[PDB]
Amino acid sequence: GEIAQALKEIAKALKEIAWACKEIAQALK
Amino acid sequence: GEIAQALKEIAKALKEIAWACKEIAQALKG
Amino acid sequence: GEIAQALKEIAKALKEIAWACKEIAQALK
Amino acid sequence: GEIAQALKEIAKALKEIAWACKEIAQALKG
Amino acid sequence: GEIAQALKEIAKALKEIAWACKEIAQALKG
Amino acid sequence: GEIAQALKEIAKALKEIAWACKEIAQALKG
Amino acid sequence: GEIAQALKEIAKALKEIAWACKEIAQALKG
C-alpha cells in the first residue's frame, strides 16, 4: 500500500538519524 | 496489517535512535 | 486496535529517546 | 477515539524529549 | 477532526523540541 | 485534506528541528 | 494520494535532521 510504503520511508529516515547520532558519538571519541 | 506493521517499524527505528543517543552519553562520559 | 497499539509502541520508543537525552544531560553535568 | 488518544500519547512523549533537550542546555550552562 | 487535531498537537510538540535544540545551541555559544 | 494538512505541519516542524540542529553545529564551529 | 505524499514529506524532513546531525558530528571533529 502507498500509505504503508510511505511509513516505511519514515522508518528508513529515522534510521538515518540513528546513524548520524552514532557519528556524533564517534566524533566525541 | 501492513499499516500497523509499518508503524511498528517506525517504533523499532526510534529505539535505534535512543540507543545511539546512549552512545553519545557514553562518549561524553569517557 | 492494532493501529492504536502500534502508535502506542511509537510513544514508548519516543520516551526511550527522552531518557537517552536525559543521560546525555547527566553526562554533561 | 483510540487512534486519536494514541497520537496524543505520541505528542506527550515528544514533549518529554523537548524537556530532556532543555536539560541538556541546562547542563551546558552549569 | 479529532485525528487531525491530535496530529497538530504532535506538530506543536516537535516545535517544542526545535526550541529546546535552539537552547542547546545558545548554551554552546555562551 | 485536513489530515494531510496536519501531516504537512508535522513535516514543517521537523524542518525546524533540522535548522535548530544546524544551529548547534554552528555554535560548535564558532 | 495526498496522505501518502504528506508522509513522504515527513520522511524527507527526517532526512534533513539526519544531515543536520551529521553537521554536528563534523563540527565536533573540527
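As a convention, Cβ positions derive from the backbone with ideal geometry for all residues, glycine included, and neighbour counts pool all protein chains shown. Throughout, read-outs are computed from the coordinates displayed, never taken from laboratory work.
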Where the second residue is not in a helix (DSSP H, G or I) and the first is within 7 Å of another protein chain (Cβ to nearest Cβ) and lies in the range D:1-27, which pairs have Cβ atoms under 6 Å and are six or more apart or on separate chains? D:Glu2/C:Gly1; D:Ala27/C:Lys29
Matching residues in the range F:12-30 (acidic (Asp, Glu) and under 9 Å from the mean Cα position of the chain (by Cα)) number 1
